[PDB]
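K.L.:
Take this structure first; my questions come after.
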2 protein chains.
Amino acid sequence: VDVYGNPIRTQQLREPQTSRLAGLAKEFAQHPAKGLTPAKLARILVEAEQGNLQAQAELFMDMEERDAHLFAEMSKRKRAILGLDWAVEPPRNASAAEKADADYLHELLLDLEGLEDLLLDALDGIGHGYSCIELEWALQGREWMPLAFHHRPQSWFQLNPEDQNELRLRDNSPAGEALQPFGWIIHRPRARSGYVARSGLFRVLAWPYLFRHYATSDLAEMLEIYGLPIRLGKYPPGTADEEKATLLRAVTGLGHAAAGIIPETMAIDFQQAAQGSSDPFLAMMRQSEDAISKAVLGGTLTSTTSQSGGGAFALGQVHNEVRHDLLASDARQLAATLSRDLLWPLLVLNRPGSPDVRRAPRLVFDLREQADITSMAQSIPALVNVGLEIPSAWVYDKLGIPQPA
Amino acid sequence: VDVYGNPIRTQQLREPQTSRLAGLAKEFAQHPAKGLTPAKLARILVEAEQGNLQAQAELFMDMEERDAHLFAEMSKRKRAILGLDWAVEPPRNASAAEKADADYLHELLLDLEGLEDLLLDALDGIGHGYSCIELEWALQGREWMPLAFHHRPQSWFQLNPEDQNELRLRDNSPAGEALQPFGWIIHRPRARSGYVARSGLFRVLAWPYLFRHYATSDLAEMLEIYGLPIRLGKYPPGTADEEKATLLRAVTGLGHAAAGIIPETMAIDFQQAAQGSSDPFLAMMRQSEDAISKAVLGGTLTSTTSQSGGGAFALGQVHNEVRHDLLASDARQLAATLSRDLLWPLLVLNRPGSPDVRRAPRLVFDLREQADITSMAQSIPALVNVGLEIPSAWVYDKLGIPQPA
């Protein structure tokens, strides 16, 4: 069975759950970001709270695509995880059989192509609040294998009417369809405590995005109007339609044309077009960008930048507060999700027996922080000459150097 | 067969797939960037989402050509990869036969001309979202060889109506044509999770490009109008057409001409031409350029520049955060694509047997970061005098010095 105890039947693993839903694969995103107003955004969020996640997912995708600063921040945050070395470790004080199981799982993950793509797809749940990856199960003789990992759009799911924390497929029915066991890797990182609909970071970031969009569009319009002044022509009674058209064309082309002549009975008045500055717009854009930076990566390095300054402890100063905390949180949550969803089916299908769930191997990301070799290498000799018996295992582990074999 | 399991037939390798499509080679780009408005750009993107990639590809090419800042950023990013040393390594704990296969593949890649051009062509997928390179297969006796690598424009492909993630050639039919196995090296880097149409970076960068283009054009127009003032001449009733023309020419040339005389019954009024500054335009250009820099290369070194400051750890400070992450991501994705597309056909055609796919050799890029030799050389003697047995293999690998032979 799975970790949650639901019965597992190997018959349903031959075909993906969504195969019998050919309607989903033919859908196109509705792009709800175009022509978006604060009222529309509020309605979208409220409806999403009630189980209509399609519009929210499409809006989040548009928001990711249309904002360069937000996209850069999210990409940097995800690439931070994608570059971490990982390993599979056996449970606490594991036995020989458990160690062998962990070693086999580690070897299987090493030789499993598409792991990086799986991690990238799973990390989308950081912003979207939940990411679902469908599994393709195949048999190369007697051992089950994940053939491929398919990322399904968040717009394909909904909320259970009887449960606000349980996701279901959109199968044209009011209650949707329950997710098949062992058929998905659902990643639901928890930045804030609440239901799944409210758990996305883009829900926090939506309003600054709209503020920045409005400011940028208004600035573009004002830059378009800038330049020549608006000038209005006046004509006396008894001016025919042809003369009216001639005066109109003359006024229209007068800005580009340096000189022109009109009868003394006519008049042209040059009125202010748009006089001001870009200061308000740019102030709003900077405020929104700082808010986005703080919300995504913390207000110590991105928005209120940590500035330059090297040194042996500079790495620690830059990392440990804020950056290390965020990195560790994301890595630990991703590792927990993976150990729950991918490691367990492999252990319970590819190996004999029914090992207890509490003793399953856990995937661990390498969060080791580079320690100053020079300072500590200076420090050891004094301590050892004093008489302290420092274990070599601690040194080898903390320095990153492996133990002799 | 290929990695995806599709049957492979050596009969079709004698001729390129596109040879029977002589119509494609005679096409010319439509240049959709000229006369581009936000509505046109939105329509282009939406249509591309639906499988019309021709217009999107041509727009991306124009965008690359017409923006100097964006072009410089993309060229720098790609040249970063092009300068990395690479090697082919055998699988985990490989056997003698596998080691020989890996060595032969490494020798073949070393002596294969046009590798750098292949890497450059593949890296175009970073911005375009997908790059297709056609292969020319030839037999120098008993061993198949890639005669040349041909990069085909992204405008030559489309989306499968029944699948939004599968590309097909444009053969005048609604469904296009499936890509021949072993006939292409398709590189599809994944910056964001989604379909192939939405996966390009230029899709994110399009809007800042349009903002900058509008600002620059408006500034150029305003600089053209700047200088002399617009001056309007007025004439009384009873002024004949010849006198009207004389007054018009006098007004037209009055700005260049320092002095002129008119009857007291006439009048010339000098009105403001264009009074303001370049501040709004330049502010918009700077905002767009900063957005492009952040989106392409990260907001730590390019847009918000890291500034000067040397030191032993300066290399790490500049690289590890942002620059190292991006370099490693791009290099790993390119290596995976190459190992999938080019290494496998060579292994399965140029050598006997049917080696298992999981044990295929993998191309690896040298991502080793220069480590401070002096500090660490100071550090070792203390540790070794303490009693730690540090392996020499770790030292030789990390320093870049090769092991004695």
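Residue names in the structure tokens use chain letters A, B, ... in the order shown, residue numbers from 1 in each chain, and ligand numbers from 1 in the order shown.
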If you count only C-alpha atoms, which residues fall within 10 Å of segment 390-405 of chain B, apart from same-chain ones fewer than 6 positions away, as a ChimeraX atom specification?
P.N.:
/A:396,401-405 /B:368-373,376,380,383-384
K.L.:
Just the selected residues (N, CA, C and O atoms), exported as a PDB file, in the first residue's frame, please.
P.N.:
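Wrote selection.pdb, looks like this:
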```
ATOM      1  N   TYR A 396      35.820  15.119   8.908  1.00  0.00           N
ATOM      2  CA  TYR A 396      35.609  14.709   7.525  1.00  0.00           C
ATOM      3  C   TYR A 396      34.226  15.119   7.040  1.00  0.00           C
ATOM      4  O   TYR A 396      34.069  15.578   5.902  1.00  0.00           O
ATOM      5  N   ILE A 401      35.432  16.592   2.992  1.00  0.00           N
ATOM      6  CA  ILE A 401      36.393  15.572   2.558  1.00  0.00           C
ATOM      7  C   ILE A 401      35.858  14.197   2.933  1.00  0.00           C
ATOM      8  O   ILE A 401      35.353  14.022   4.056  1.00  0.00           O
ATOM      9  N   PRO A 402      35.937  13.199   2.055  1.00  0.00           N
ATOM     10  CA  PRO A 402      35.425  11.874   2.407  1.00  0.00           C
ATOM     11  C   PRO A 402      36.406  11.093   3.265  1.00  0.00           C
ATOM     12  O   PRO A 402      37.620  11.309   3.229  1.00  0.00           O
ATOM     13  N   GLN A 403      35.855  10.173   4.051  1.00  0.00           N
ATOM     14  CA  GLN A 403      36.685   9.302   4.864  1.00  0.00           C
ATOM     15  C   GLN A 403      37.480   8.348   3.972  1.00  0.00           C
ATOM     16  O   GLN A 403      37.005   7.937   2.910  1.00  0.00           O
ATOM     17  N   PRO A 404      38.696   7.978   4.377  1.00  0.00           N
ATOM     18  CA  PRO A 404      39.465   7.014   3.582  1.00  0.00           C
ATOM     19  C   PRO A 404      38.746   5.678   3.477  1.00  0.00           C
ATOM     20  O   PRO A 404      38.076   5.231   4.411  1.00  0.00           O
ATOM     21  N   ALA A 405      38.896   5.038   2.322  1.00  0.00           N
ATOM     22  CA  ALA A 405      38.278   3.740   2.077  1.00  0.00           C
ATOM     23  C   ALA A 405      39.339   2.681   1.794  1.00  0.00           C
ATOM     24  O   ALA A 405      40.434   2.993   1.324  1.00  0.00           O
TER      25      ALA A 405
ATOM     26  N   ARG B 368      33.984  22.557 -12.943  1.00  0.00           N
ATOM     27  CA  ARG B 368      34.890  22.768 -11.824  1.00  0.00           C
ATOM     28  C   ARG B 368      35.200  24.250 -11.665  1.00  0.00           C
ATOM     29  O   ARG B 368      35.516  24.942 -12.636  1.00  0.00           O
ATOM     30  N   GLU B 369      35.109  24.733 -10.430  1.00  0.00           N
ATOM     31  CA  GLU B 369      35.372  26.126 -10.108  1.00  0.00           C
ATOM     32  C   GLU B 369      36.767  26.257  -9.512  1.00  0.00           C
ATOM     33  O   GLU B 369      37.164  25.464  -8.653  1.00  0.00           O
ATOM     34  N   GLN B 370      37.508  27.260  -9.977  1.00  0.00           N
ATOM     35  CA  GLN B 370      38.878  27.452  -9.521  1.00  0.00           C
ATOM     36  C   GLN B 370      38.911  27.634  -8.011  1.00  0.00           C
ATOM     37  O   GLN B 370      38.266  28.538  -7.469  1.00  0.00           O
ATOM     38  N   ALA B 371      39.666  26.775  -7.333  1.00  0.00           N
ATOM     39  CA  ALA B 371      39.796  26.830  -5.885  1.00  0.00           C
ATOM     40  C   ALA B 371      41.104  27.507  -5.501  1.00  0.00           C
ATOM     41  O   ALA B 371      42.118  27.367  -6.191  1.00  0.00           O
ATOM     42  N   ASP B 372      41.073  28.246  -4.393  1.00  0.00           N
ATOM     43  CA  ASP B 372      42.253  28.965  -3.928  1.00  0.00           C
ATOM     44  C   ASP B 372      43.369  27.988  -3.587  1.00  0.00           C
ATOM     45  O   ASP B 372      43.268  27.232  -2.616  1.00  0.00           O
ATOM     46  N   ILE B 373      44.440  28.000  -4.380  1.00  0.00           N
ATOM     47  CA  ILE B 373      45.538  27.068  -4.154  1.00  0.00           C
ATOM     48  C   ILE B 373      46.309  27.438  -2.892  1.00  0.00           C
ATOM     49  O   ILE B 373      46.693  26.564  -2.109  1.00  0.00           O
ATOM     50  N   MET B 376      44.470  26.698   0.659  1.00  0.00           N
ATOM     51  CA  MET B 376      44.341  25.271   0.913  1.00  0.00           C
ATOM     52  C   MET B 376      45.708  24.615   1.089  1.00  0.00           C
ATOM     53  O   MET B 376      45.847  23.647   1.847  1.00  0.00           O
ATOM     54  N   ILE B 380      46.498  22.179   4.289  1.00  0.00           N
ATOM     55  CA  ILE B 380      46.802  20.741   4.341  1.00  0.00           C
ATOM     56  C   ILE B 380      47.856  20.416   5.392  1.00  0.00           C
ATOM     57  O   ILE B 380      47.597  19.555   6.248  1.00  0.00           O
ATOM     58  N   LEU B 383      46.588  19.799   8.854  1.00  0.00           N
ATOM     59  CA  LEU B 383      45.698  18.648   8.973  1.00  0.00           C
ATOM     60  C   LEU B 383      46.477  17.340   8.916  1.00  0.00           C
ATOM     61  O   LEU B 383      46.211  16.417   9.694  1.00  0.00           O
ATOM     62  N   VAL B 384      47.440  17.239   7.999  1.00  0.00           N
ATOM     63  CA  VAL B 384      48.192  15.996   7.861  1.00  0.00           C
ATOM     64  C   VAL B 384      49.084  15.769   9.075  1.00  0.00           C
ATOM     65  O   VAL B 384      49.245  14.633   9.536  1.00  0.00           O
TER      66      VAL B 384
END
```
K.L.:
Write out as a list in words the residues lying within 12 Å of residue 28 of chain B, counting only C-alpha atoms and excluding same-chain residues fewer than 5 positions away.
P.N.:
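In the requested format, the answer is residues 23, 54, 58, 153, 155 and 156 of chain B.
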K.L.:
Can you tell me, as a CSV table (one decimal) with N, CA, C and O atoms, in the first residue's frame, what residues are no more than 8 Å from residue 45 of chain A when counting only C-alpha atoms, ignoring any on the same chain fewer than 3 positions away?
P.N.:
```csv
chain,number,residue,atom,x,y,z
A,41,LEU,N,-9.6,40.7,-10.4
A,41,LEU,CA,-8.6,39.9,-9.7
A,41,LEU,C,-9.2,39.4,-8.3
A,41,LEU,O,-9.0,38.3,-7.9
A,42,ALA,N,-10.0,40.3,-7.7
A,42,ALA,CA,-10.6,39.9,-6.4
A,42,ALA,C,-11.6,38.8,-6.7
A,42,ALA,O,-11.7,37.8,-5.9
A,48,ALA,N,-11.5,31.1,-6.7
A,48,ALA,CA,-10.5,30.1,-6.5
A,48,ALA,C,-10.7,29.5,-5.1
A,48,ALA,O,-10.5,28.3,-4.8
A,49,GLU,N,-11.0,30.4,-4.1
A,49,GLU,CA,-11.2,29.9,-2.7
A,49,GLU,C,-12.3,28.9,-2.6
A,49,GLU,O,-12.3,28.1,-1.7
A,56,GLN,N,-7.6,30.7,-11.6
A,56,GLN,CA,-6.4,31.1,-10.8
A,56,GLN,C,-5.1,30.6,-11.4
A,56,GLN,O,-4.1,31.3,-11.5
A,203,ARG,N,-0.5,34.2,-4.9
A,203,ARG,CA,-1.7,34.9,-4.3
A,203,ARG,C,-1.2,36.1,-3.5
A,203,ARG,O,-1.9,37.2,-3.5
```
K.L.:
Excluding residue 24 of chain A and its own-chain neighbours fewer than 5 positions away, which residues fall within 12 Å of it when counting only C-alpha atoms? Please give them as a list in words.
P.N.:
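So the residues in contact are residues 17, 18, 19, 29, 152, 153, 154, 155, 156, 157, 169, 170, 171 and 172 of chain A; 162, 163 and 164 of chain B.
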K.L.:
So which one's closest to chain A, B:362, B:20, B:34, B:168? Using only C-alpha atoms, please.
P.N.:
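Nearest candidate to chain A out of B:362, B:20, B:34, B:168: B:362.
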K.L.:
Provide as a list in words the residues of chain A at most 6 Å from chain B, counting only C-alpha atoms.
P.N.:
residues 65, 66, 68, 72, 121, 227, 228, 258, 259, 260, 261, 262, 263, 264, 278, 374 and 377 of chain A
K.L.:
How many Å separate atom CA of residue 141 of chain A from atom CA of residue 8 of chain B?
P.N.:
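Computing the Euclidean distance for atom CA of residue 141 of chain A and atom CA of residue 8 of chain B yields 22.5 Å.
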K.L.:
Which residues in segment 147-378 of chain B does DSSP call helix (DSSP H, G or I)? List them as a PDB file with C-alpha atoms, in the first residue's frame.
P.N.:
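For reference, states_30.pdb as written:
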```
ATOM      1  CA  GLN B 154      12.031  27.473 -35.819  1.00  0.00           C
ATOM      2  CA  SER B 155       9.547  28.837 -38.374  1.00  0.00           C
ATOM      3  CA  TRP B 156       9.683  25.469 -40.185  1.00  0.00           C
ATOM      4  CA  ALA B 197       5.139  27.338 -27.048  1.00  0.00           C
ATOM      5  CA  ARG B 198       5.244  29.156 -23.691  1.00  0.00           C
ATOM      6  CA  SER B 199       8.736  27.928 -22.749  1.00  0.00           C
ATOM      7  CA  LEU B 201      12.652  33.312 -22.720  1.00  0.00           C
ATOM      8  CA  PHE B 202      11.887  35.780 -25.509  1.00  0.00           C
ATOM      9  CA  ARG B 203       8.235  35.375 -24.525  1.00  0.00           C
ATOM     10  CA  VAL B 204       9.161  36.912 -21.170  1.00  0.00           C
ATOM     11  CA  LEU B 205      11.445  39.503 -22.781  1.00  0.00           C
ATOM     12  CA  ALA B 206       9.012  40.643 -25.498  1.00  0.00           C
ATOM     13  CA  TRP B 207       7.210  43.346 -23.519  1.00  0.00           C
ATOM     14  CA  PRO B 208      10.326  45.173 -22.224  1.00  0.00           C
ATOM     15  CA  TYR B 209      11.637  45.128 -25.793  1.00  0.00           C
ATOM     16  CA  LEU B 210       8.471  46.822 -27.058  1.00  0.00           C
ATOM     17  CA  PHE B 211       8.604  49.384 -24.247  1.00  0.00           C
ATOM     18  CA  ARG B 212      12.211  50.236 -25.102  1.00  0.00           C
ATOM     19  CA  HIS B 213      11.449  50.403 -28.831  1.00  0.00           C
ATOM     20  CA  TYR B 214       8.551  52.802 -28.293  1.00  0.00           C
ATOM     21  CA  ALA B 215      10.595  54.986 -25.940  1.00  0.00           C
ATOM     22  CA  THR B 216      13.557  55.151 -28.331  1.00  0.00           C
ATOM     23  CA  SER B 217      11.391  55.966 -31.352  1.00  0.00           C
ATOM     24  CA  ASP B 218       9.529  58.679 -29.440  1.00  0.00           C
ATOM     25  CA  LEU B 219      12.812  60.173 -28.230  1.00  0.00           C
ATOM     26  CA  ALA B 220      14.181  60.187 -31.779  1.00  0.00           C
ATOM     27  CA  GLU B 221      11.059  61.964 -33.040  1.00  0.00           C
ATOM     28  CA  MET B 222      11.215  64.530 -30.232  1.00  0.00           C
ATOM     29  CA  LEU B 223      14.889  65.160 -30.976  1.00  0.00           C
ATOM     30  CA  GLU B 224      13.965  65.692 -34.620  1.00  0.00           C
ATOM     31  CA  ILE B 225      11.328  68.289 -33.711  1.00  0.00           C
ATOM     32  CA  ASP B 241      -2.258  83.504 -53.872  1.00  0.00           C
ATOM     33  CA  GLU B 242       1.213  84.627 -54.972  1.00  0.00           C
ATOM     34  CA  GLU B 243       1.583  86.748 -51.837  1.00  0.00           C
ATOM     35  CA  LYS B 244       0.303  83.811 -49.779  1.00  0.00           C
ATOM     36  CA  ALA B 245       2.996  81.568 -51.268  1.00  0.00           C
ATOM     37  CA  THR B 246       5.651  84.215 -50.635  1.00  0.00           C
ATOM     38  CA  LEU B 247       4.562  84.525 -47.002  1.00  0.00           C
ATOM     39  CA  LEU B 248       4.564  80.738 -46.632  1.00  0.00           C
ATOM     40  CA  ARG B 249       8.095  80.416 -48.017  1.00  0.00           C
ATOM     41  CA  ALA B 250       9.256  83.285 -45.796  1.00  0.00           C
ATOM     42  CA  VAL B 251       7.821  81.576 -42.713  1.00  0.00           C
ATOM     43  CA  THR B 252       9.272  78.220 -43.779  1.00  0.00           C
ATOM     44  CA  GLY B 253      12.765  79.666 -44.152  1.00  0.00           C
ATOM     45  CA  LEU B 254      12.534  82.145 -41.276  1.00  0.00           C
ATOM     46  CA  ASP B 279      14.129  62.119 -18.537  1.00  0.00           C
ATOM     47  CA  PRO B 280      10.904  60.087 -19.038  1.00  0.00           C
ATOM     48  CA  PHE B 281      12.140  58.289 -22.145  1.00  0.00           C
ATOM     49  CA  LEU B 282      15.518  57.467 -20.594  1.00  0.00           C
ATOM     50  CA  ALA B 283      13.820  56.293 -17.398  1.00  0.00           C
ATOM     51  CA  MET B 284      11.708  53.865 -19.417  1.00  0.00           C
ATOM     52  CA  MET B 285      14.732  52.619 -21.378  1.00  0.00           C
ATOM     53  CA  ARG B 286      16.700  52.040 -18.175  1.00  0.00           C
ATOM     54  CA  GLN B 287      13.778  50.174 -16.606  1.00  0.00           C
ATOM     55  CA  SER B 288      13.416  47.910 -19.643  1.00  0.00           C
ATOM     56  CA  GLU B 289      17.162  47.253 -19.874  1.00  0.00           C
ATOM     57  CA  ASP B 290      17.351  46.373 -16.178  1.00  0.00           C
ATOM     58  CA  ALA B 291      14.414  43.995 -16.616  1.00  0.00           C
ATOM     59  CA  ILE B 292      16.126  42.321 -19.577  1.00  0.00           C
ATOM     60  CA  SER B 293      19.414  41.996 -17.689  1.00  0.00           C
ATOM     61  CA  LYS B 294      17.699  40.459 -14.659  1.00  0.00           C
ATOM     62  CA  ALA B 295      15.695  38.030 -16.790  1.00  0.00           C
ATOM     63  CA  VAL B 296      18.687  36.892 -18.860  1.00  0.00           C
ATOM     64  CA  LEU B 297      21.653  36.858 -16.464  1.00  0.00           C
ATOM     65  CA  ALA B 314      36.002  37.088  -4.896  1.00  0.00           C
ATOM     66  CA  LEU B 315      35.667  34.429  -7.601  1.00  0.00           C
ATOM     67  CA  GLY B 316      33.272  32.449  -5.425  1.00  0.00           C
ATOM     68  CA  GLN B 317      31.322  35.547  -4.423  1.00  0.00           C
ATOM     69  CA  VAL B 318      30.851  36.609  -8.043  1.00  0.00           C
ATOM     70  CA  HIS B 319      30.098  33.123  -9.388  1.00  0.00           C
ATOM     71  CA  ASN B 320      28.478  30.699  -6.959  1.00  0.00           C
ATOM     72  CA  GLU B 321      25.253  32.634  -6.408  1.00  0.00           C
ATOM     73  CA  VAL B 322      23.441  33.351  -9.684  1.00  0.00           C
ATOM     74  CA  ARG B 323      26.261  32.917 -12.176  1.00  0.00           C
ATOM     75  CA  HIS B 324      27.301  29.388 -11.211  1.00  0.00           C
ATOM     76  CA  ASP B 325      23.673  28.290 -10.896  1.00  0.00           C
ATOM     77  CA  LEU B 326      22.777  29.549 -14.373  1.00  0.00           C
ATOM     78  CA  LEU B 327      25.965  28.147 -15.910  1.00  0.00           C
ATOM     79  CA  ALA B 328      25.412  24.728 -14.336  1.00  0.00           C
ATOM     80  CA  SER B 329      21.746  24.612 -15.344  1.00  0.00           C
ATOM     81  CA  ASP B 330      22.438  25.485 -18.979  1.00  0.00           C
ATOM     82  CA  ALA B 331      25.436  23.154 -19.225  1.00  0.00           C
ATOM     83  CA  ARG B 332      23.575  20.232 -17.648  1.00  0.00           C
ATOM     84  CA  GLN B 333      20.546  20.651 -19.908  1.00  0.00           C
ATOM     85  CA  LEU B 334      22.728  20.885 -23.020  1.00  0.00           C
ATOM     86  CA  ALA B 335      24.726  17.831 -21.934  1.00  0.00           C
ATOM     87  CA  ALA B 336      21.546  15.833 -21.339  1.00  0.00           C
ATOM     88  CA  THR B 337      20.204  16.776 -24.770  1.00  0.00           C
ATOM     89  CA  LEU B 338      23.487  15.834 -26.449  1.00  0.00           C
ATOM     90  CA  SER B 339      23.810  12.522 -24.607  1.00  0.00           C
ATOM     91  CA  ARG B 340      20.232  11.716 -25.613  1.00  0.00           C
ATOM     92  CA  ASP B 341      20.427  12.693 -29.289  1.00  0.00           C
ATOM     93  CA  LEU B 342      24.018  12.385 -30.591  1.00  0.00           C
ATOM     94  CA  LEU B 343      25.830   9.931 -28.303  1.00  0.00           C
ATOM     95  CA  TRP B 344      23.123   7.254 -28.440  1.00  0.00           C
ATOM     96  CA  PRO B 345      22.897   6.853 -32.254  1.00  0.00           C
ATOM     97  CA  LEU B 346      26.683   6.587 -32.417  1.00  0.00           C
ATOM     98  CA  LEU B 347      26.725   3.920 -29.705  1.00  0.00           C
ATOM     99  CA  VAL B 348      23.891   1.898 -31.263  1.00  0.00           C
ATOM    100  CA  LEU B 349      25.134   2.137 -34.875  1.00  0.00           C
ATOM    101  CA  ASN B 350      28.943   2.194 -34.653  1.00  0.00           C
ATOM    102  CA  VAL B 357      19.776   2.352 -22.380  1.00  0.00           C
ATOM    103  CA  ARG B 358      20.306   3.007 -18.662  1.00  0.00           C
ATOM    104  CA  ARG B 359      24.027   2.222 -19.077  1.00  0.00           C
ATOM    105  CA  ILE B 373      45.538  27.068  -4.154  1.00  0.00           C
ATOM    106  CA  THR B 374      47.424  29.155  -1.584  1.00  0.00           C
ATOM    107  CA  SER B 375      44.926  28.999   1.288  1.00  0.00           C
ATOM    108  CA  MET B 376      44.341  25.271   0.913  1.00  0.00           C
ATOM    109  CA  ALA B 377      48.065  24.550   0.495  1.00  0.00           C
ATOM    110  CA  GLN B 378      48.560  26.352   3.791  1.00  0.00           C
TER     111      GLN B 378
END
```
K.L.:
Assign secondary structure with DSSP using the backbone only, and return the residues of segment 62-139 of chain A in strand (DSSP E or B) as number ranges by chain.
P.N.:
A: 86-89, 131-139
K.L.:
Would you save the residues from that selection as a compact mmCIF listing (two decimals), in the first residue's frame, using C-alpha atoms?
P.N.:
```txt
# COMPACT_ATOMS: atom_id res chain seq x y z
CA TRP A 86 21.39 14.90 -3.05
CA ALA A 87 21.73 11.46 -1.51
CA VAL A 88 19.50 8.68 -0.17
CA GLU A 89 20.18 7.67 3.42
CA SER A 131 2.13 20.77 -8.50
CA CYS A 132 0.95 17.42 -9.86
CA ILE A 133 3.24 15.15 -11.91
CA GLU A 134 1.75 12.04 -13.51
CA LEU A 135 3.75 8.81 -13.52
CA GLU A 136 4.19 6.30 -16.34
CA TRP A 137 4.71 2.81 -14.93
CA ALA A 138 6.31 0.07 -17.03
CA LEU A 139 7.66 -3.43 -16.38
```
K.L.:
Please measure the separation of atom CA of residue 302 of chain B and atom CA of residue 60 of chain A, giving the value in Å to one decimal.
P.N.:
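If I compute the distance from atom CA of residue 302 of chain B to atom CA of residue 60 of chain A, I get 27.0 Å.
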